[PDB]
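Everything below concerns the one structure shown next.
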There are 2 protein chains.
Amino acid sequence: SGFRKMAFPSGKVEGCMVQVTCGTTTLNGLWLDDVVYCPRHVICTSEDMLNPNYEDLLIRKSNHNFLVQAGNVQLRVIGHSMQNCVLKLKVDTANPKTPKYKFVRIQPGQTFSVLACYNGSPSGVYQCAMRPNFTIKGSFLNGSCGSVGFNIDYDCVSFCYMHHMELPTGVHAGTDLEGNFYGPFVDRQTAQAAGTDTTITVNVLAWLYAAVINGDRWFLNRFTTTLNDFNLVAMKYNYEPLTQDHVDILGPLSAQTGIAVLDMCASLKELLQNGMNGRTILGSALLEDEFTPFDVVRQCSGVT
Amino acid sequence: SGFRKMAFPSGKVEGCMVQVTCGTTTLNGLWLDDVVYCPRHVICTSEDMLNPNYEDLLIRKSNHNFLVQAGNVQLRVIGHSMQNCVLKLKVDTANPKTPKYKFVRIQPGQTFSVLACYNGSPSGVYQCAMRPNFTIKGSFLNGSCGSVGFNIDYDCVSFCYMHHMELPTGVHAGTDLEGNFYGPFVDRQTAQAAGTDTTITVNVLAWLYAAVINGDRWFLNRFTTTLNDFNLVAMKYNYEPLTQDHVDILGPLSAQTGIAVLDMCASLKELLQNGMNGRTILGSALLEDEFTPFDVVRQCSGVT
Ligand SMILES: *CC(=O)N1CCN(Cc2ccc(Cl)s2)CC1
Ligand SMILES: *CC(=O)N1CCN(Cc2ccc(Cl)s2)CC1
């Protein structure tokens with residue numbers, strides 16, 4: 001019993017982290033096979049980030065300008081290219097610690113673990129979600145860019161995120177491992193505001209299922225609702241509209257607990273309208289939305 | 001910017017996790033040098049856990065009864081001994097992945113990372129604190145026992161916890177790596193109730209410092225207090241008494257932010273007396289107490 005915000009074990013990703021510098025101090029790269037992936041803003045100066053022309057800046061860079069260090073060992077850069085907002089640095093040595101991996105572009109509401117690194121060295125690991133506004137709520141200081149987000153399915157690491165960007169509101173933006181930003185964000189120091197941070201309704205319901213499984217049940221009530229009725233309340237409270245797809249995804253948690261998805265919707269509706277009244281659910285005083293239904297099943301069943 | 005509940009990178013500990021069985025299904029062990037450490041209740045049957053006599057039960061066990069598996073490779077057990085509530089299984093092979101390590105017994109209020117494992121396989125990593133009642137609030141299902149808690153100082157893993165025990169209230173109990181339980185708990189299926197889960201005041205103040213550093217400042221007020229006045233309010237709300245030692249430990253965060261510890265105490269006092277009024281601090285609706293002052297400095301400074 002007990003339910004915790006849990007990250008994937010980071011070992012497989014720790015084995016992939018390197019340091020990159022290209023004239024203007026350091027950030028992180030991801031070393032898979034004989035390619036090191038890093039944010040293209042590694043090539044920027046303190047004059048460049050306002051209105052950078054990356055193709056023009058890159059022309060001034062040669063393989064020998066990209067200093068790539070794995071622990072205390074230097075890697076030889078034998079090629080470099082820009083793909084969208086990432087650089088791919090070809091090295092002469094395959095990373096011997098390369099795990100089975102995939103690059104996946106996640107949807108908003110999907111969770112992943114971040115391995116926060118500085119200068120190619122891991123500092124810690126935490127769980128995130130891709131927000132509906134395509135930001136993430138991370139912990140990233142100068143030097144953390146190139147830190148990656150991932151899921152693991154048994155032995156295969158799915159990399160979904162690379163850190164690039166802090167908005168003036170202290171939320172985070174980055175790319176998939178093809179270098180495409182999540183949402184409308186750009187690697188330029190400009191006026192970029194996040195949209196509404198809507199709550200991931202399907203994740204809140206998953207977490208209410210987790211609470212019931214782990215003994216927190218005070219918020220179950222005598223009510224039910226419909227998708228359309230629930231969605232009127234979701235709208236008012238900046239919750240994502242609940243779809244039949246979301247209901248279908250919650251089916252296993254419904255089956256295990258014997259609480260119909262629409263009955264749990266009616267619980268969530270009362271919590272939205274009435275608040276917690278100073279009570280907690282799985283040690284939280286607000287409705288947690290960074291556990292997916294898959295996350296709840298995984299943690300509740302002891303998957304490795 | 002941003003402040004997250006962050007665990008240590010788990011790679012160094014993943015390298016140490018094995019599976020142990022001794023007649024009655026499986027739990028985890030920790031493989032350091034040529035010794036595998038595991039809970040002594042691995043030797044129990046379904047008749048034993050009510051009133052186990054571990055010395056008597058152990059007499060029936062030989063080296064060949066302890067099945068120790070690192071991935072798909074079996075380890076040869078050449079000796080076994082009981083130290084308090086752990087077994088030490090001597091194997092003929094030093095773990096080649098043994099990191100620099102220490103065994104430390106932590107004080108209540110100290111935080112650590114847990115690598116949750118099942119059958120010697122890591123499932124995930126989360127941050128805990130040793131509670132003032134010497135429980136921890138974990139995520140542990142059957143098979144998770146032998147999972148360990150740790151801190152890392154650069155390259156040295158300090159192991160502080162091994163999981164043994166779930167109380168009927170769904171909180172967790174275990175031992176240091178010398179096999180001594182934290183608090184009054186025993187590895188017996190009996191009436192064991194946790195005492196008052198008091199809030200770790202010094203950690204709450206640390207986290208309020210973290211909030212200020214990361215832009216969350218609405219709870220700063222025009223007031224100050226004294227240790228004795230604050231402690232009257234701590235008492236009423238089941239907070240640990242604040243000591244001059246705690247004030248001294250918060251000195252660096254005080255210095256960096258320019259907010260006197262006793263002024264932050266006055267903020268915490270108003271939050272206790274008035275509540276959040278529906279507001280949040282670093283994405284929490286309650287006062288977070290599982291970040292130490294060391295944790296806040298580490299995360300706010302990007303230590304690796
Ligand atoms: C996330 C991170 O490390 N940073 C630091 C770099 N910064 C942009 C710049 C790149 C070259 C420079 Cl000189 S400044 C983004 C945030
Ligand atoms: C934490 C954990 O894995 N468990 C399962 C084992 N249980 C005690 C027992 C040991 C031998 C048995 Cl048979 S049952 C404690 C919780």
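All of this is worked out from the model, or read from it or from the source named; nothing here is a laboratory result. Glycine gets a Cβ as well: all are built from the backbone with ideal geometry, and neighbour counts include every protein chain shown.
Does any residue of the stretch B:237-260 turn out to be polar (S, T, N, Q) and touching a strand residue (DSSP E or B) at 6+ places or on another chain (Cβ under 6 Å)? Working first, answer last.
Taking the stretch B:237-260 and keeping what is polar (S, T, N, Q), we get B:238, B:243-244, B:254, B:256-257.
Remaining after also requiring touching a strand residue (DSSP E or B) at 6+ places or on another chain (Cβ under 6 Å): none.
Among the residues of the stretch B:237-260, not one is polar (S, T, N, Q) and touching a strand residue (DSSP E or B) at 6+ places or on another chain (Cβ under 6 Å), which makes the answer no.
For (1) within 30 Å of B:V157 (Cα to Cα); (2) within 19 Å of the chain's Cα centre (by Cα); (3) without any contact (Cβ under 8 Å) to a residue 40 or more places away in the chain, each residue gets a yes or a no:
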position	(1), (2), (3)
B:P39	yes, yes, no
B:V42	yes, no, no
B:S62	no, no, yes
B:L67	yes, no, no
Residue match in the stretch A:144-151 (condition: closer than 14 Å to A:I106 by Cα and either of a type in the set (S, T, N, Q) or surrounded by fewer than 20 Cβ atoms within 10 Å (Cβ to Cβ) (or both)): yes
Would you pick out the residues in the stretch A:96-123 that are over 19 Å from A:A173 (Cα atoms) and within 14 Å of chain B (Cβ to nearest Cβ)? A:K97, A:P99, A:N119, A:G120, A:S121, A:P122, A:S123
Tell me, which residue of the stretch B:194-219 that is under 28 Å from B:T169 (Cα atoms) and of a type outside the set (A, V, I, L, M) is surrounded by the most Cβ atoms within 10 Å (Cβ to Cβ)? B:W207
Subset of the stretch B:250-301 (residues that are over 22 Å from the mean Cα position of the chain (by Cα) and facing chain A (nearest Cβ under 9 Å)): B:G275, B:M276, B:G278, B:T280, B:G283, B:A285, B:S301
Apart from one, (1) more than 14 Å from every other protein chain (Cβ to nearest Cβ); (2) touching a helix residue (DSSP H, G or I) at 6+ places or on another chain (Cβ under 8 Å); (3) closer than 21 Å to A:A173 by Cα all hold for A:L58; the odd one out is (3)
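On the given criteria, is A:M276 in the same structural domain as A:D289 (by CATH), surrounded by 20 or more Cβ atoms within 10 Å (Cβ to Cβ) and hydrophobic (A, V, I, L, M, F, W, C)? Spell out the reasoning first.
Details: in the same structural domain as A:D289 (by CATH): yes; surrounded by 20 or more Cβ atoms within 10 Å (Cβ to Cβ): no; hydrophobic (A, V, I, L, M, F, W, C): yes.
Against the criterion (in the same structural domain as A:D289 (by CATH), surrounded by 20 or more Cβ atoms within 10 Å (Cβ to Cβ) and hydrophobic (A, V, I, L, M, F, W, C)), A:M276 does not qualify.
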Select from the stretch A:148-164 the residues that are touching a residue at least 60 places away in the same chain (Cβ under 8 Å), more than 11 Å from chain B (Cβ to nearest Cβ) and within 16 Å of ligand 1 (Cβ to nearest atom) and list them in ascending order. A:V148, A:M162, A:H164
Just the residues that are within 16 Å of ligand 1 (Cβ to nearest atom) and either more than 30 Å from A:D295 (Cα to Cα) or away from every other protein chain (no Cβ under 14 Å) (or both), please, taken from the stretch A:1-35. A:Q19, A:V20, A:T21, A:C22, A:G23, A:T24, A:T25, A:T26, A:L27, A:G29, A:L30
Quick one: in the stretch A:1-47, which of the residues that are among the polar types (S, T, N, Q) and not assigned by CATH to the domain that holds A:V157 is surrounded by the fewest Cβ atoms within 10 Å (Cβ to Cβ)? A:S46
Of the residues in the stretch B:220-232, those that are touching a residue at least 12 places away in the same chain (Cβ under 8 Å), surrounded by fewer than 18 Cβ atoms within 10 Å (Cβ to Cβ) and under 29 Å from the mean Cα position of the chain (by Cα) come to B:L227
For A:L286, state whether it is of a type outside the set (F, W, Y), over 24 Å from B:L141 (Cα atoms), crowded, with 17+ Cβ neighbours inside 10 Å and out of contact with any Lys or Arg (no Cβ under 7 Å at 6 or more places or on another chain). yes
How about the stretch B:165-199: which of its residues are under 21 Å from B:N142 (Cβ atoms) and within 14 Å of chain A (Cβ to nearest Cβ)? B:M165, B:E166, B:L167, B:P168, B:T169, B:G170, B:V171, B:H172, B:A173, B:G174, B:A194
Restricting attention to the stretch A:144-197, which residues are charged (D, E, K, R) and over 28 Å from A:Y239 (Cα atoms)? A:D153, A:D155, A:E178, A:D187, A:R188
Among the residues in the stretch B:200-208, are any in contact (Cβ under 8 Å) with a residue 60 or more places away in the chain, of a type outside the set (V, I, T), away from ligand 1 (no atom under 16 Å from the Cβ) and within 14 Å of another protein chain (Cβ to nearest Cβ)? yes
What are the pairs with Cβ atoms under 8 angstrom where one residue, in the stretch A:132-143, is more than 11 Å from chain B (Cβ to nearest Cβ) and the other, located anywhere, is of a type in the set (A, V, I, L, M) and within 14 Å of ligand 1 (Cβ to nearest atom)? Sequence gap at least six, or different chains. A:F134/A:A173
